[PDB]
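Read the structure below first, then the notes.
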Amino acid sequence: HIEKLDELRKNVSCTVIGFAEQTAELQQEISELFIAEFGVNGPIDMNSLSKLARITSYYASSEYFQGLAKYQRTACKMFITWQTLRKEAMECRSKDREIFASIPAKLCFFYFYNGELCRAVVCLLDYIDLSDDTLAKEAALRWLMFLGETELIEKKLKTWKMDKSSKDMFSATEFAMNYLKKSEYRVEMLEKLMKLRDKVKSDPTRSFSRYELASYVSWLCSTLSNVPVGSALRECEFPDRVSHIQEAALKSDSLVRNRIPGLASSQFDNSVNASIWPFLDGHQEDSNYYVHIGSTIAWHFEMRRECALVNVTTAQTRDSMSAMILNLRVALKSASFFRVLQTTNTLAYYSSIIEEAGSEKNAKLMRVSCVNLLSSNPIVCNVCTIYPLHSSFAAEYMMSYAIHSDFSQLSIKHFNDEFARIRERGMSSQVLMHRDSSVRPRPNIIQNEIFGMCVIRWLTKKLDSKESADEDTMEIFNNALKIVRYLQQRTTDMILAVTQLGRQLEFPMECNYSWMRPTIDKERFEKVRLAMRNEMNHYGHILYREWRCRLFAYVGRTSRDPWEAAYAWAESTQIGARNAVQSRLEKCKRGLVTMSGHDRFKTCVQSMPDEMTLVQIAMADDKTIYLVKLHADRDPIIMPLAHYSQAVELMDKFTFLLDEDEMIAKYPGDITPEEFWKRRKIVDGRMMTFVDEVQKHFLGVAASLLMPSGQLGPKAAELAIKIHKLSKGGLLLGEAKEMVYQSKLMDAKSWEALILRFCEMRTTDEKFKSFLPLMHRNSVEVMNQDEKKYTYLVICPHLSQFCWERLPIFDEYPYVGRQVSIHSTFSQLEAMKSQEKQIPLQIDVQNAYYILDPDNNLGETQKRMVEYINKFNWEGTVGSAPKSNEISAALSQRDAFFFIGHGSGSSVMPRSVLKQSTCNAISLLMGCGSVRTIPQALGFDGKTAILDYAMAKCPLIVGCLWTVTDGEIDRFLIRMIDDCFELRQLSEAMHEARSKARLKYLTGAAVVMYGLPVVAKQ
Amino acid sequence: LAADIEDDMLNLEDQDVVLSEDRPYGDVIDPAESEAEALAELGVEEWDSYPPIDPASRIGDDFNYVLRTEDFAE
């Protein structure tokens, strides 16, 4: 039956080399753009994305982009006519099978490079069943594991031949396939991978098949930690997903530079061709190369998409936004309509994920650009050619329908129903992969992740608008749960998040209280609490931002005991900070980043010093800000402050007040020097009235509780039990232990209101109210009869720009230095227990390093501060950044650090230098906004440079919270360091400089400290 | 009274609004050999060139989005 196969191999080849020359003309067309837009060796950044909206526009509006639609449907029929004639091609049984080998191997180049993956692996698997190629069953074994086909590898692994180079690599998936199947093998097969992960990195040979399995094994143990950890799995560590998916997108990146130098993600020198068409000095008639350049290009995009989609959901807001962009330019250098669009929507999806990051402009250029890519005549005859045929693309189109609709309820109902079409429409290519009509194919693993990304984005919009009324919302969700569950591993970022988003949907617990004031069944309650107690106990090592911030803030919102709350609140925050620490330690475990349950959590809080309390405030899962005050002697006090809408009206009015600072400083124009200081003095004097309004309207009575809590006297500790025992269960003991402690500081009618505010949540008593002011009169008698404490603030980064340290409570009280994370304090505290440093850090400033005004553009401020250094004997460079090797030597050897230059860590100390060297140097960062966290979405913990220092274990960070005049911030620094020596610690030294500051709150409250306090070494 | 008006030392970074990421997201000078087993000889026939390849593609219109309907029929 050569009479039609010899015609068809001529027909398939002229389709593929028709296509491979067609998309070669597209990827030299953008090569005319990438010099014009970027440069022959130009730089790319986060603001190179506005450029990449132009290239995708001139990519679609080129004459060649619609021309590939005919090559798509032609090779589709060449797949349908092949599987009819596949029987006769197998029955040839000659060496003319070798010239028949290039019938699917040409198509194996087609569907992999186009990303049509369900149709790609089946003709590849047929190429194995026809030709039995050695270097192609290396590739065909990766994609069957990549699609999560558990049953299908079980058959094909026995039939094939495993040679010397192959048996190391077939054993790699065998350890991963027996991993997810059997719960008892998850301990055994993990060490078999953790040996094999380090076996391949140890081998120094630069074989292409060795680097083909260097990326793949580092992908297998990437998704390894997605399992529920039991009693057998706590004592064995896991490999972390975030760390070496960047190494599995590094080794796959090295595979491309050998074959095609342009389609590498690391290659920024876009002068190279990225042209598939020559095929490296030959291989125009070679069959096993078109798989070998087909799969390895497709494996590079399937990792760089996976390295991007892992970092949208592990709160790496830095490592995503870089790896989102250079995902897309390599897609544009490949010019595939699918590979561009599966990155184009995610840049419009990620900009819909993070908000208030300056990215309102970033979404509106990119949300339009995917719609600009779809519809005809860019700024239904091309997109509707590939929409029914390609299964993964048909999810991407309706994904871009959801992003264009901004994830409405009816759009998910448009996408829940259409998903049932695409799985039924694309079932045919999935069934022919199995060669069995009995088995049922699960959906495409790209398609399940797209449906996972889409509903999770919608369910957060439900919880942002706070409704669950319709029954069809359940029917969408109950469909949406089954769709994600087909792989219990490898997509658990989409599994665990949608359960809790659906659990919180049924059970909001909005807890309408008296003092909230939003402006502008118990058997059912327990059937989920038994799950979440286990879903806390299991899945502790996860650290995925959508699951973690929605679970642990919810169980902190609903728990009865207070110790279960403070473990839940502390673990729920700062997901982006801990994952870089996780990727630093390159191995994740139950208890080295997260805390091992409540019983290990309350161990360190008792081990926290008596002067150090840490008043956390934090947003919940439902956006409502709760206060979590921890201390050693007391139980943690947890109390709802207000709603999101109260804190939005807080942060809208404050930033609009702070914009009045910025517009005067950026644009003075020609204002006379008196009216300069005069006009914003009332705006400063507004902040004199504003934080009084914040203490009255936002925090209310609860603001008196932000004072630090010392140890209660044992004669006075008898009353705090009698306050508990007479409360009849209204207060707990640790809550009432500090109400007798804080009773001296606050008013009578305030103290009567706050302990009644505790009773509002748990069974208030009428008889207790009649005997209530006698408790205050007894409390004064016991507190007077029975140093330098601190009240550390761990602010949720929605509220972190506000000067929480400057309040009407803390006018007389100066010791109000702030923090970053509760678990970051404990690593900062244990480092001062390993080093055995004093809990205020003695610092010899006379050696301390400085960086002063790089690039000579600052002005007299460069000459002003150096006059203060002429007093001292510091070491450092002026007018330049010396070298990053001396910056790492500065923060390691010199005891303190001083930065007066532009911003914070832009050129003089980027993220490259803080990761290589740990810092004992207390860093003094000046600038406008040197510790300002730009308030990203819930869970991301903001966009700032502090989390670099938080990962680098710097002890204390002196920073600035907004745009400040360069003169008075340099009059601040000379007045502050002088106070340290000529004890009077740094949080006192800041408050004394407020007496010397010209402005009260609009300038002096810009400076907050983050860390353990500075005392001067004598 | 008041002091003379002052300029502000603002940041051009704007806290990771720009980040010129460097080329080392991967190892450098990593030229590698193929190390392939099956490298058998090809065939030699008359090639359908860039003018002749569109001639074979012109005869195949290949349906109007109904090739997936012909897929499950086999």
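In the structure tokens, each chain is lettered A, B, ... as it comes, each chain's residues begin at 1, and ligands are numbered from 1 in order of appearance.
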Next item on the list: Write down, as a VMD selection string, each residue of chain B that has any atom within 7 Å of an atom of chain A, counting only C-alpha atoms.
Entry: chain B and resid 2 4 to 11 13 15 17 to 21 23 to 26 30 to 38 42 53 to 54 56 to 57 60 to 62 65 67 to 68 71 to 72 74
Next item on the list: Using DSSP on the backbone coordinates, identify the residues of chain B assigned to helix (DSSP H, G or I); present them as a PyMOL selection string.
Entry: chain B and resi 53-58
Check: Any idea what the distance is between atom CA of residue 941 of chain A and atom CA of residue 953 of chain A?
Finding: 17.5 Å
Checklist line | Non-local contacts of residue 766 of chain A (12 Å; only C-alpha atoms; under 4 positions in same chain excluded) as an MDAnalysis selection string | finding: chainID A and resid 726:728 730 756 759:760 770:772
Would you put the residues from that selection into a file with N, CA, C and O atoms, as a short mmCIF file (atom, residue, chain, number, x, y, z; two decimals), in the first residue's frame?
```
data_model
loop_
_atom_site.label_atom_id
_atom_site.label_comp_id
_atom_site.auth_asym_id
_atom_site.auth_seq_id
_atom_site.Cartn_x
_atom_site.Cartn_y
_atom_site.Cartn_z
N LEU A 726 -15.32 35.95 86.20
CA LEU A 726 -16.58 36.68 86.33
C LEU A 726 -17.16 37.05 84.97
O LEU A 726 -18.30 37.52 84.89
N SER A 727 -16.40 36.85 83.89
CA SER A 727 -16.90 37.17 82.56
C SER A 727 -17.86 36.12 82.03
O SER A 727 -18.56 36.41 81.04
N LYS A 728 -17.91 34.93 82.65
CA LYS A 728 -18.77 33.81 82.25
C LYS A 728 -18.54 33.39 80.80
O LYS A 728 -19.47 33.20 80.03
N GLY A 730 -17.12 35.17 78.43
CA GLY A 730 -17.11 36.25 77.45
C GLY A 730 -15.72 36.61 76.96
O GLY A 730 -15.49 36.73 75.76
N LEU A 756 -16.08 45.13 76.58
CA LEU A 756 -17.40 44.80 76.07
C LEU A 756 -17.31 44.44 74.59
O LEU A 756 -18.17 43.73 74.06
N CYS A 759 -16.77 40.90 74.40
CA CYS A 759 -17.98 40.15 74.71
C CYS A 759 -18.95 40.12 73.54
O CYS A 759 -19.88 39.31 73.53
N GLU A 760 -18.74 40.99 72.54
CA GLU A 760 -19.65 41.04 71.40
C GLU A 760 -19.49 39.82 70.51
O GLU A 760 -20.41 39.47 69.76
N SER A 770 -23.29 45.23 84.78
CA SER A 770 -23.63 46.03 85.96
C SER A 770 -22.45 46.11 86.92
O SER A 770 -22.28 47.11 87.63
N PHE A 771 -21.63 45.06 86.96
CA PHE A 771 -20.45 45.02 87.83
C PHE A 771 -19.18 45.37 87.07
O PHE A 771 -18.08 45.02 87.52
N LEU A 772 -19.31 46.05 85.93
CA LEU A 772 -18.17 46.23 85.04
C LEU A 772 -17.22 47.37 85.42
O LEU A 772 -16.00 47.15 85.32
#
```
Note to self: Using only C-alpha atoms for the distances, tell me which of A:36, A:816, A:89, A:453 is nearest to residue 129 of chain A.
What the structure shows: A:89
Note to self: I'd like the neighbourhood of residue 837 of chain A as a list in words, where a residue qualifies if any of its atoms comes within 12 Å (using only C-alpha atoms), though same-chain residues fewer than 4 positions away should be ignored.
What the structure shows: residues 828, 829, 830, 831, 832, 833, 841, 842, 843, 920, 955, 1012, 1013, 1014 and 1015 of chain A
Might you pull out every residue within 10 Å of residue 849 of chain A, with only C-alpha atoms counted and same-chain residues fewer than 3 positions away left off, and present them as a PDB file with N, CA, C and O atoms, in the first residue's frame?
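Saved to selection_7.pdb:
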```pdb
ATOM      1  N   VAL A 845      29.532  52.805  64.842  1.00  0.00           N
ATOM      2  CA  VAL A 845      29.233  53.495  63.590  1.00  0.00           C
ATOM      3  C   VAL A 845      30.505  54.027  62.922  1.00  0.00           C
ATOM      4  O   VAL A 845      30.500  54.314  61.717  1.00  0.00           O
ATOM      5  N   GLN A 846      31.628  54.063  63.647  1.00  0.00           N
ATOM      6  CA  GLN A 846      32.834  54.715  63.138  1.00  0.00           C
ATOM      7  C   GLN A 846      33.481  53.943  61.990  1.00  0.00           C
ATOM      8  O   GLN A 846      34.282  54.509  61.238  1.00  0.00           O
ATOM      9  N   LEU A 852      26.906  57.108  48.936  1.00  0.00           N
ATOM     10  CA  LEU A 852      26.456  58.487  48.936  1.00  0.00           C
ATOM     11  C   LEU A 852      26.390  59.022  47.515  1.00  0.00           C
ATOM     12  O   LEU A 852      27.427  59.280  46.894  1.00  0.00           O
ATOM     13  N   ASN A 873      34.630  58.845  60.580  1.00  0.00           N
ATOM     14  CA  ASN A 873      35.700  58.177  59.852  1.00  0.00           C
ATOM     15  C   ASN A 873      35.175  57.010  59.020  1.00  0.00           C
ATOM     16  O   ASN A 873      35.712  55.901  59.106  1.00  0.00           O
ATOM     17  N   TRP A 874      34.125  57.226  58.231  1.00  0.00           N
ATOM     18  CA  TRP A 874      33.484  56.129  57.516  1.00  0.00           C
ATOM     19  C   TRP A 874      34.290  55.739  56.287  1.00  0.00           C
ATOM     20  O   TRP A 874      35.245  56.418  55.905  1.00  0.00           O
ATOM     21  N   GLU A 875      33.897  54.629  55.669  1.00  0.00           N
ATOM     22  CA  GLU A 875      34.541  54.117  54.466  1.00  0.00           C
ATOM     23  C   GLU A 875      33.460  53.911  53.414  1.00  0.00           C
ATOM     24  O   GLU A 875      32.369  53.425  53.727  1.00  0.00           O
ATOM     25  N   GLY A 876      33.756  54.288  52.176  1.00  0.00           N
ATOM     26  CA  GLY A 876      32.786  54.151  51.106  1.00  0.00           C
ATOM     27  C   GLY A 876      33.130  55.080  49.965  1.00  0.00           C
ATOM     28  O   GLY A 876      34.074  55.869  50.039  1.00  0.00           O
ATOM     29  N   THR A 877      32.338  54.981  48.904  1.00  0.00           N
ATOM     30  CA  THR A 877      32.590  55.716  47.675  1.00  0.00           C
ATOM     31  C   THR A 877      31.549  56.808  47.476  1.00  0.00           C
ATOM     32  O   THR A 877      30.398  56.672  47.902  1.00  0.00           O
ATOM     33  N   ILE A 887      30.197  45.596  47.656  1.00  0.00           N
ATOM     34  CA  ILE A 887      28.941  45.781  48.383  1.00  0.00           C
ATOM     35  C   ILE A 887      28.660  44.563  49.252  1.00  0.00           C
ATOM     36  O   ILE A 887      28.201  44.686  50.394  1.00  0.00           O
ATOM     37  N   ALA A 889      31.057  42.737  50.383  1.00  0.00           N
ATOM     38  CA  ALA A 889      32.065  42.860  51.430  1.00  0.00           C
ATOM     39  C   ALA A 889      31.668  43.917  52.450  1.00  0.00           C
ATOM     40  O   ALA A 889      32.118  43.881  53.600  1.00  0.00           O
ATOM     41  N   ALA A 890      30.827  44.869  52.045  1.00  0.00           N
ATOM     42  CA  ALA A 890      30.392  45.910  52.969  1.00  0.00           C
ATOM     43  C   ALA A 890      29.379  45.376  53.969  1.00  0.00           C
ATOM     44  O   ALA A 890      29.488  45.633  55.173  1.00  0.00           O
ATOM     45  N   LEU A 891      28.389  44.625  53.492  1.00  0.00           N
ATOM     46  CA  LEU A 891      27.316  44.182  54.373  1.00  0.00           C
ATOM     47  C   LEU A 891      27.733  42.972  55.201  1.00  0.00           C
ATOM     48  O   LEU A 891      27.011  42.573  56.120  1.00  0.00           O
ATOM     49  N   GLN A 893      31.287  42.656  56.394  1.00  0.00           N
ATOM     50  CA  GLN A 893      32.372  43.065  57.275  1.00  0.00           C
ATOM     51  C   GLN A 893      32.047  44.304  58.097  1.00  0.00           C
ATOM     52  O   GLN A 893      32.371  44.337  59.289  1.00  0.00           O
ATOM     53  N   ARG A 894      31.407  45.308  57.508  1.00  0.00           N
ATOM     54  CA  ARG A 894      31.101  46.547  58.206  1.00  0.00           C
ATOM     55  C   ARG A 894      29.799  46.405  58.984  1.00  0.00           C
ATOM     56  O   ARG A 894      28.847  45.768  58.530  1.00  0.00           O
ATOM     57  N   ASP A 895      29.768  47.022  60.169  1.00  0.00           N
ATOM     58  CA  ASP A 895      28.725  46.713  61.144  1.00  0.00           C
ATOM     59  C   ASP A 895      27.407  47.402  60.811  1.00  0.00           C
ATOM     60  O   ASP A 895      26.339  46.936  61.224  1.00  0.00           O
ATOM     61  N   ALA A 896      27.454  48.518  60.090  1.00  0.00           N
ATOM     62  CA  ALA A 896      26.239  49.212  59.693  1.00  0.00           C
ATOM     63  C   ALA A 896      26.416  49.779  58.295  1.00  0.00           C
ATOM     64  O   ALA A 896      27.524  49.831  57.757  1.00  0.00           O
ATOM     65  N   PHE A 897      25.302  50.203  57.706  1.00  0.00           N
ATOM     66  CA  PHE A 897      25.261  50.652  56.324  1.00  0.00           C
ATOM     67  C   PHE A 897      24.505  51.973  56.255  1.00  0.00           C
ATOM     68  O   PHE A 897      23.629  52.232  57.085  1.00  0.00           O
ATOM     69  N   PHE A 898      24.849  52.805  55.274  1.00  0.00           N
ATOM     70  CA  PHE A 898      24.264  54.133  55.101  1.00  0.00           C
ATOM     71  C   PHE A 898      24.037  54.374  53.613  1.00  0.00           C
ATOM     72  O   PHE A 898      24.987  54.390  52.830  1.00  0.00           O
ATOM     73  N   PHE A 899      22.784  54.560  53.215  1.00  0.00           N
ATOM     74  CA  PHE A 899      22.462  54.898  51.830  1.00  0.00           C
ATOM     75  C   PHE A 899      21.647  56.186  51.797  1.00  0.00           C
ATOM     76  O   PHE A 899      20.543  56.246  52.343  1.00  0.00           O
ATOM     77  N   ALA A 921      24.881  43.823  58.672  1.00  0.00           N
ATOM     78  CA  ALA A 921      24.953  45.274  58.684  1.00  0.00           C
ATOM     79  C   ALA A 921      23.565  45.886  58.746  1.00  0.00           C
ATOM     80  O   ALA A 921      22.700  45.594  57.917  1.00  0.00           O
ATOM     81  N   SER A 923      21.116  48.488  57.881  1.00  0.00           N
ATOM     82  CA  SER A 923      21.084  49.283  56.664  1.00  0.00           C
ATOM     83  C   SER A 923      20.195  50.498  56.857  1.00  0.00           C
ATOM     84  O   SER A 923      19.034  50.366  57.255  1.00  0.00           O
TER      85      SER A 923
END
```
Next item on the list: Could you give me, as a PyMOL selection string, the residues within 12 Å of residue 553 of chain A, counting only C-alpha atoms and dropping anything in the same chain fewer than 6 positions from it?
Entry: chain A and resi 500+504+509+532+536+545-547+559+564-573+617-628+638+938-939
Notebook entry, point to check: What lies within 8 Å of residue 1000 of chain A using only C-alpha atoms, ignoring chain neighbours under 5 positions off, as a ChimeraX atom specification?
Noted result: /A:684-685,688,994,1005
Checklist line | A:646, A:492, A:313, A:582 ranked by distance to residue 226 of chain A, top pick (using only C-alpha atoms) | finding: A:492
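Among the candidate residues A:371, A:796, A:908, A:383, the one lying nearest to residue 345 of chain A is A:371, with distances computed using only C-alpha atoms.
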